[PDB]
Every structure is written in C-alpha cells, then in structure tokens.
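We begin with a single chain expressed as structure tokens, specifically the form deposited in one PDB entry.
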C-alpha cells in the first residue's frame, strides 16, 4: 500500500507529542507524579518495600517496575527513582536509598547493582487507602497486570516536591513548597472557597527549596501564583567573615536549587583565570557531610569583599532565577494553573478519595453485618441448623434447605456451612455478638459522613491536620523583602 508523506508526518508526530504530554513529561495535578514516578511508588508498595522492612537492591526494584508497569529502558526508571531519594532534589524525599545516590556536584548515583532502596514514611501517605476503591485502576501496557491511574496522595505532592519536565510543544517548572504552609492553604481554601491568592499567600509565603538558600522579593512569587508563570530570584547564603586584621573571606553555606556546585566553582575559577573578576586569592570547596555545604572564597587585604560578592551574584550561578511555568495534567489534559487552581484540584481529589473510602468501608461493613446476622440466627437455632445440614445429601441441598427454613440469603447460608465447630463455644458466641454491635455503630458513623457534606469536609480537614503535625517541618528558604 501507499502512504502520503504529509499525512504520515502529521499522524506519527501527533501520536508521540500526545504520549509525551499525557504519559511521560507532565505530572498529574492530583498526586503530582509523572507515570514513571507513580509506577516506581506503586511498585515499591506491591513489592512490600515499606520503611520498616530491609533495603532491596535497585536492579530488582527496577526489574519489577519495568516488567509489570513501565515498558521502557532501565536507566529511565532508575534515574527517576534516584532523584526521589536525593534530599537536595526532593523537598520531601519519596525514596529511602542506601549507597551512592549522587551529590550536589552533579556526579551521578552508583549503578543500579551497587544501590539499595525502599520507600520513605511520607510515601505511605501517597499510597494510603489505595486498596479501598479510592482511585480508578487501569490495565497495564500488556493487559496482564493492573496499575493505578492516580495515587490517593494524602498530602499536596505537586506543590510539595514540584515538577520539571520537558514535553512536546510545552514544558513544566513547578518549585517545591513547605508542607506545613501548603496544608494550611488547603485548610483555608476548604473554609472559604472564594479565597484570594493574596490570602492563600498568608499561609504559603512562597517556594521552599530543599537546598534552602534565599529568595529576592515576593513580587516574582506573586506573579507565579496569580498567572502560573513568573521569575523567582534564588540567591546563595554568603557571609563576609572578618578573618583577622585587614583580611577577609566569603563563606557560601547554601546554594540555589538545581545548581551544580562543582560547575559553579568551575565558573568562578574561569573568571579568575580570564581576569574577569579581581580580589580573589584562593577558592576552596570545604563541603563535608557533617558541616554541610561550604564554599570558601579568600579575599585580598584592602580589597572590598562586599563588591566581589555582588559581582559573583551577577556573573556566576551563585544567584540563579527559577522560571515558573505551572503546567500539570488536569482531567488528562495539560493546563497552565495558578496557586488557587492547584489547591482546588488537590482538595477536590481528597474529597473524592475520602468519599470513595467511606463508600467502600460501608459496603464491607454492611456485607459483614449481613453475614453476622446469619451466624446470629444459626447460634440461636444450633440444634435445628445442624439437623438441617445432616439431613442434606449435598452442599447444594443444605444451602437450599437453610435458606428456605431460616429465611437466609445465599451468602448467609454459605457462611453457616463454612462455620467451624469451635465457633459454638461460650466466648466465640459472645465474640460474634460484640463484633456485630461495634459494626452497627461503625455503619452509623460512615452513614453520617456520606449524608452530610460538612461532616465529610471536616474528616478531610482532620486527616490533613494529622499529616501536617507528623510530616510538617520548618521553612528552609528565607524570602527577603
């Protein structure tokens, strides 16, 4: 057969463009994850890689994720898992890694074979209530497994850990934020749905980077929060220490987010060699695990250190800008969203997750109560129940006879036949009654949540406050004004 070159170019490029957009480079607004991240975290959950259990080799975690959910190269799965274990990349790390997972100097993690991993305690909150019919499950790439379309995400992950993905026709750049501030923002939005972005900014001051540092002004933050786009100036934490008589030294303790420390030092060394900057005698990297980030710049005596530092901000990545472009997949489609829109979609997901959980729990409670009602009837008419079973030739006749004589359902009759002889003892009879009474009160509680929208909203609020009090931490990035 024959195919037109224009039609072939248009059809093939669209197939790839859309796949990179909806199934690769862009995160979901609900759980803040790209498909690769979601598949790693679901994989870790399915593999039983909880924080209490010992570390598993990275090649084994990747193998299972690749074989079951991600039909792409091992390096694509592994490197995404690595970033999630990096405390300088993720504000709230999603992976707990053992071994060399790389550093701020841009040096990569040791190969998959030399590293071990498991999920962090905060990741359990992303997967919390997943098997409680809270989220829609979809068929995998081959149709031999089941995978989640979205994770319940009991904390606002999109804004908490941010996103940086290059798609086709578009890209995304969301900065990380402080969890305590974000949850407070969701709680403020739940109490007032007509909340202004300036009022949401009373809780969410601005972005909070894991590499700490400094933010120059609230102006750039305001634009990013109001339009979904804006430039935020990130400055290093540098002190001019009076090292003796007339001698000085600049000490850099914090660097901007997504900035290579070794490449930044290389740029200062480039300027000294080319004589583009003057007054620098020595440049050392005194960074250690105990002391943290430490970049020492030695200044000449009678030479102005404050001037050199200000020149270093202008000429080197010692002061870098964060180009905000808040694009997330909203209803399976890309959308430039503002701060309010991101929180609105997240809160709406929480309402759905909690409502679906309550609906699931009620179904299981009503089903169990129905079974207990059958067992209670059986325990009141034991002699008659046993005689009915004994007179029956087959299980089918026993079922029909029990259903007809004791006005029981098909499920109730099966439960009685599956009931063990030990359930006839004194304590075992009282245990069935105690369970049933507690279950009736449980059904009542779940029915209260489903009947009133405010009772449901309060449960969402209470559960979010619980996350805030357990996983909430102090602000790292200082916003200067």
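Positions refer to the first chain, counted from 1. In this text, rigid core is short for the largest set of C-alphas that superpose within 1.5 Å between two forms.
Legend entry - Stretch with the higher entry mean CA B-factor, where the candidates are 273 to 281 and 227 to 235: The deposited B-factors put 273 to 281 ahead on the C-alpha mean.
* Which is higher in the entry, the mean Cα B factor of 306 to 314 or that of 68 to 76? -> Per the PDB record, 306 to 314.
Residue with highest C-alpha B-factor in the PDB entry, from 47, 412, 54, 58: That would be 54, according to the entry.
Practice task
Could you check 86, 288, 401, 173 and tell me which one carries the biggest Cα B-factor in the deposited entry?
Solution key: Of the candidates given, the C-alpha B-factor peaks at 288.
Test of reading the entry: by CA B factor among the chain's modelled residues, which third contains residue 332? Middle third - that is where residue 332 ends up once the chain's C-alpha B-factors are sorted.
When the deposited Cα B-factors of this chain's modelled residues are ordered and cut into thirds, is residue 210 in the lowest, the middle or the highest one?
Answer is middle: the recorded C-alpha B-factor places it there.
**Chain thirds of CA B-factor: placement of residue 9** = Its C-alpha B-factor, which the entry lists for residue 9, ranks in the highest third among residues of this chain.
Grab the CA temperature factor for residue 433 from the record and place it in the lowest, middle or highest third of its chain. Tercile = middle for this residue's CA B-factor.
*asked:* Quick check on the deposited entry: does the C-alpha B-factor of residue 370 sit in the lowest, middle or highest third of its chain?
replied: For residue 370, the deposited C-alpha B-factor lands in the middle third.
Below, we refer to the form deposited in another entry, which is not included among the displayed structures.
Exercise for the section: Using the rigid core as the fixed frame, list which single one of 336, 124, 198, 382 shifts its Cα by at least 2 angstroms between this form and the one not shown. Expected result: Meeting the 2 Å or more criterion is only 382.
| message | I want to check residue 397: does it shift between this form and the one not shown by 2 Å or more at the Cα, with the core superposed? | response | Comparing the forms between this form and the one not shown, which are aligned on their rigid core, residue 397 does shift its C-alpha by 2 Å or more.
So, superposing on the core, is the move of residue 60 at the CA at least 2 angstroms between this form and the one not shown? False for residue 60: its C-alpha shift is below 2 Å.
**Asked** Can a Cα shift of no less than 2 Å be assigned to residue 437 between this form and the one not shown, given superposition on the rigid core?
**Response** No, the C-alpha moves less than 2 Å.
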